[PDB]
K.L.:
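Sharing a structure below in structure tokens format, with a few things to ask.
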Amino acid sequence: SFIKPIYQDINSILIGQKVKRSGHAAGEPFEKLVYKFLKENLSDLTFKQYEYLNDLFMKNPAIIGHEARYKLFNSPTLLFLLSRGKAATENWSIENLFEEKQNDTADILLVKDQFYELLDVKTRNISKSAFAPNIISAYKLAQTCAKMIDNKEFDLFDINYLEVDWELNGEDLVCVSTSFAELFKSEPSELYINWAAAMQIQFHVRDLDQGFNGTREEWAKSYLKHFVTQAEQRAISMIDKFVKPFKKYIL
Amino acid sequence: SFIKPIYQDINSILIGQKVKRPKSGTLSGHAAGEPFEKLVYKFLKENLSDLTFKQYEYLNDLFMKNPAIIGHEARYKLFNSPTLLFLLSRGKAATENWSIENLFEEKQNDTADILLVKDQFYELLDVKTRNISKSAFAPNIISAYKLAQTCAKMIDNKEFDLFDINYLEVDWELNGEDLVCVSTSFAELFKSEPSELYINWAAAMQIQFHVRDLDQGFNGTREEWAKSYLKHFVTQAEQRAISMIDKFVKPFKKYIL
DNA sequence: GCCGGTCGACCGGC
DNA sequence: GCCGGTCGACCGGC
Ligand SMILES: [Ca+2]
Ligand SMILES: [Ca+2]
């Protein structure tokens, strides 16, 4: 992780900051200032996901078309996580340019020497009761592991997280704490997948275990086994909860 | 419906009207067009003053009027309906801790947007906003499961004339600096054919549609609508259980077996 | 045209 | 302590 090192400096620079308004339930602007720090202390590595695609496309003008522009990622896995649709890629131009999209996998992307660090910022209102937030689609992760195994890409990227905790005074959100964690350092089989919540894995960054000791490959195989098993159980529990209880009303 | 009777008015006072573009610079999300929503509510507060409440306001008023009723148990009786209670209540502890100095505030997952109530009849209104130029992805309308529980309670308690669940969409267009209201739409969930409702299971098990497209040609009873929807919900839940297997299990076995 | 997966957080029941 | 449902939007591959 390129963020692990300066973490603490970013922790200390974040505590005290204030973003304006928990009615709308969004401490999202905190993401912006984390980027503010990273863009200064780590200039040539920090990219907003859309900013990175603009760059990859701007440094290869002779290359156009959705088919060729996709080849530029040189990784089916990286391609899957960061690329945009065919038309969006077919239509991209130095005059059109990608903007930010609600669907992007990561908030900030740190690249350096063919290596990527997908950073996703999480914001928690620590005043309220603990409720694990969506982290990432468990299905997206599933497909990603499949593509990792298939293509042997086990040293290309990591998916890390930064949890900015905040408290509200009267009319200003103030950061009280921060937390950092790595996805691939956790135990796969113990990642909670909430099927109803957009099949999102859910956990507070401050509570994720970081004791995984196997390899990146073993991680992906373990997770996949976990995913398949939970998928099977979900089907059974969907029957006991959404079918059996409503049988009497059916005639 | 309290809205429909004056829908022509809301529409005839909304069309062409223009409001500022989101300060956030963007143009996507609940943010863009929100002023249109504040406009609709203010119109409602100005013309249906004794019927308009935000969900939390209705609850504050309900408990404020019976200051002698304390404890969630008794406080839950003030609803005089197991169905209404299910749709609007705030939770045991929060109902227990409610006080004239600790009132309810807007909550992210509240069932209703705007409540129009009169003579114990409730209209759960959802005032929505849409950018017809972009917008081509149907939004989450309401949890299919919440509806399922709602219908069961309606059947068990035989409450088929207690409430309606309607929609008021405000379609706008970007005009450089402003937002112009190009049109409005009104639809009633209970005038829709139950089995024609699309339940997106991955999307928080939410029913999804635009409203401008909601079917409004159901001609049966409320009870029928309920039994019918429940039928649709059970059958669709079965399919989904099968789909999951075909989609999330099978294609991944070759990696684990 | 038809279908459905994904981002962002956020309580209350058992 | 611990599990999981709900709100509001959003876009591209068949
Ligand atoms: Ca994020
Ligand atoms: Ca609304």
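The figures here come from the full heavy-atom set of this structure, side chains too, leaving out hydrogens, waters and symmetry mates. Chain identifiers are assigned alphabetically (A, B, ...) following the order of the sequence lines, protein sequences preceding nucleic acid strands; residue numbering begins at 1 within each chain.
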K.L.:
Are A:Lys241 and D:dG5 close enough that a side-chain N or O sits under 4.0 Å from OP1 or OP2?
P.N.:
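For A:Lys241, the contact criterion (side-chain N or O under 4.0 Å from OP1 or OP2 of D:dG5) is met.
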K.L.:
State whether B:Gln208 places a side-chain N or O below 4.0 Å from either non-bridging phosphate oxygen (OP1 or OP2) of C:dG4.
P.N.:
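No, because none of the side-chain N or O atoms of B:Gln208 sits under 4.0 Å from OP1 or OP2 of C:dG4.
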K.L.:
Please report the distance, rounded to the nearest Å, between OH in A:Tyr161 and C1' in C:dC7.
P.N.:
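Rounding to the nearest Å, OH of A:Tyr161 and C1' of C:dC7 are 11 Å apart.
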K.L.:
In this structure, is B:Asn109 a major-groove or a minor-groove contact, using side-chain heavy atoms and a 5.0 Å limit (strictly less than)?
P.N.:
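Its side chain sits in the minor groove.
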K.L.:
So what does A:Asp207 touch, heavy atoms closer than 4.0 Å: a base, only the sugar-phosphate, or nothing?
P.N.:
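Nothing, no nucleic acid heavy atom in range.
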K.L.:
In this structure, are over 12 heavy atoms from other groups packed under 6.0 Å from B:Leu85 atom CG?
P.N.:
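More than 12 heavy atoms, drawn from other residues, nucleotides or ligands, come within 6.0 Å of this atom.
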K.L.:
Could you tell me how far apart A:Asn91 (CG) and D:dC11 (P) are, to the nearest whole angstrom?
P.N.:
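So the two atoms are 15 Å apart, to the nearest Å.
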K.L.:
Under 4.0 Å from OP1 or OP2 of C:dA9: is there any side-chain N or O of A:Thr123 that close?
P.N.:
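For C:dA9, OP1 or OP2 has a side-chain N or O of A:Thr123 closer than 4.0 Å.
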K.L.:
Starting from P on D:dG13, measure out to CD on A:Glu90 and report it in whole angstrom.
P.N.:
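Atom-to-atom, A:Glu90 to D:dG13, this comes out as 12 Å.
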K.L.:
Quick one: which of C:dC11, C:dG8, D:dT6 gets closest to the side chain of A:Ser129?
P.N.:
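Nearest to the side-chain atoms of A:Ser129, counting from C-beta on, is C:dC11.
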K.L.:
Distance from B:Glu193 atom CD to B:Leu214 atom CG, nearest 0.5 Å?
P.N.:
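The CG atom of B:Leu214 is 11.0 Å from CD of B:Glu193, to the nearest 0.5 Å.
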K.L.:
Starting at the 5' end of DNA chain C, which residue's closest nucleotide do you reach first, A:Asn125 or B:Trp201?
P.N.:
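Per heavy-atom nearest nucleotide, the more 5' residue is B:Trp201.
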K.L.:
Atom NE2 of A:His66 and atom P of D:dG12: how far apart are they, to the nearest Å?
P.N.:
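In whole Å, D:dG12 P and A:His66 NE2 are 14 Å from each other.
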K.L.:
Tell me whether the side-chain N/O atoms of B:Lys107 come closer than 4.0 Å to OP1 or OP2 in C:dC11.
P.N.:
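For C:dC11, OP1/OP2 do not have a side-chain N/O of B:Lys107 under 4.0 Å.
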K.L.:
Name the nucleic acid region contacted by A:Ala87, choosing base, sugar-phosphate or nothing; use a 4.0 angstrom heavy-atom cut-off, strictly under.
P.N.:
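Result for A:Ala87 = nothing.
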K.L.:
Measure from the side chain of B:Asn140, starting at C-beta and using heavy atoms only, and say which of D:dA9, D:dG12, C:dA9 lies closest.
P.N.:
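Ranking D:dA9, D:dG12, C:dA9 by closest atom to the B:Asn140 side chain puts D:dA9 first.
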K.L.:
Check this one for me: any side-chain N or O of A:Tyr192 less than 4.0 Å away from OP1 or OP2 of D:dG4?
P.N.:
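Answer yes for this pair, as a side-chain N or O of A:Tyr192 is under 4.0 Å from OP1 or OP2.
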K.L.:
B:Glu37 or A:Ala198: which one's nearest nucleotide on DNA chain D is closer to the 5' end?
P.N.:
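Nearest nucleotide further toward 5': that of A:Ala198.
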K.L.:
Taking the six-membered ring for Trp, are B:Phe233 and B:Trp201 closer than 6.0 Å centroid to centroid?
P.N.:
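Between B:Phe233 and B:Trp201, the centre distance is under 6.0 Å.
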K.L.:
Kindly confirm whether the side-chain ring of B:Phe137 is stacked on the base of C:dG5, judged by centres under 5.5 Å and planes under 30°.
P.N.:
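Yes, aromatic ring over the base.
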K.L.:
Are any of B:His30's side-chain N or O atoms less than 4.0 Å away from OP1 or OP2 of D:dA9?
P.N.:
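It does, given that an N or O in the side chain of B:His30 lies less than 4.0 Å from OP1 or OP2 of D:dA9.
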K.L.:
Mapping B:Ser143 and B:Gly29 to their closest nucleotides on DNA chain D, which lands nearer the 5' end?
P.N.:
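This one resolves to B:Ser143.
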K.L.:
Respond yes when some side-chain nitrogen or oxygen of B:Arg240 is under 4.0 Å from OP1 or OP2 of C:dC3, and no when none is.
P.N.:
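No, because none of the side-chain N or O atoms of B:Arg240 sits under 4.0 Å from OP1 or OP2 of C:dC3.
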K.L.:
Can we call the ring centroids of B:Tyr198 and B:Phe209 under 6.0 Å apart?
P.N.:
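No, the ring of B:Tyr198 stays outside the 6.0 Å limit from the ring of B:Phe209, centre to centre.
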K.L.:
In this structure, how many angstroms lie between the P atom of C:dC3 and the CD1 atom of B:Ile199, rounded?
P.N.:
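One finds 14 Å between P of C:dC3 and CD1 of B:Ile199, rounded.
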K.L.:
Expressed in angstrom and rounded to an integer, what is the separation of A:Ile136 atom CD1 from C:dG8 atom P?
P.N.:
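Rounded to the whole Å, the gap is 9 Å.
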K.L.:
Whole-Å distance between D:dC3 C1' and A:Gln200 CD?
P.N.:
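Roughly 17 Å, once rounded to whole Å.
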K.L.:
Look at B:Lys92 and C:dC11 and indicate whether a side-chain polar atom (N or O) is within less than 4.0 Å of OP1 or OP2.
P.N.:
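Indeed not, no polar side-chain atom of B:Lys92 lies that close.
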K.L.:
Can you measure from CZ (B:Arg130) to CH2 (B:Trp172) and round to the nearest 0.5 angstrom?
P.N.:
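Nearest 0.5 Å value for the CZ-CH2 distance: 11.0 Å.
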K.L.:
Testing A:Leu110, A:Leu82, A:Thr144 for side chain to side chain contact (heavy atoms under 4.5 Å, CB included) with A:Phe157, which one passes?
P.N.:
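Option passing the side chain to side chain contact (heavy atoms under 4.5 Å, CB included) with A:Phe157: A:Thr144.
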K.L.:
From CE of B:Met205 over to P of D:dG8, roughly how many Å is that when rounded to an integer?
P.N.:
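Distance check: B:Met205 CE to D:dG8 P gives 15 Å.
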K.L.:
Using heavy atoms to find the nearest nucleotide of DNA chain C for A:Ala138 and B:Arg90 separately, return the residue whose nucleotide is more 5′.
P.N.:
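Per heavy-atom nearest nucleotide, the more 5' residue is A:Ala138.
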K.L.:
Looking for any heavy atom pair under 4.0 Å, which part of the strands does B:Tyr145 touch: base, sugar-phosphate only, or nothing?
P.N.:
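Result for B:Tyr145 = sugar-phosphate.
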K.L.:
Quick one: which of B:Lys38, B:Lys54, B:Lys128 gives a salt bridge (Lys or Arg N to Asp or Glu O under 4.0 Å) with B:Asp113?
P.N.:
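It is B:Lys54, the one option of B:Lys38, B:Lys54, B:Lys128 that forms the salt bridge (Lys or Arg N to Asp or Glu O under 4.0 Å) with B:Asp113.
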K.L.:
Using a cut-off of strictly less than 4.0 Å, decide whether A:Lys122 has a side-chain nitrogen or oxygen near OP1 or OP2 of C:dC7.
P.N.:
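For A:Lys122, the contact criterion (side-chain N or O under 4.0 Å from OP1 or OP2 of C:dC7) is not met.
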K.L.:
Who is the Watson-Crick or G-U wobble partner of C:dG1, with both distances under 3.5 Å?
P.N.:
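Answer to the pairing question: D:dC14, which forms a Watson-Crick or G-U pair with C:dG1.
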K.L.:
From the list D:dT6, D:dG8, C:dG5, which nucleotide is the closest neighbour of the side chain of B:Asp113?
P.N.:
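The listed nucleotide nearest to B:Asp113's side chain is D:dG8.
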K.L.:
Does C:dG8 have its OP1 or OP2 closer than 4.0 Å to a side-chain nitrogen or oxygen of A:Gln102?
P.N.:
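Checking C:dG8 against A:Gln102, no side-chain N or O comes under 4.0 Å of OP1 or OP2.
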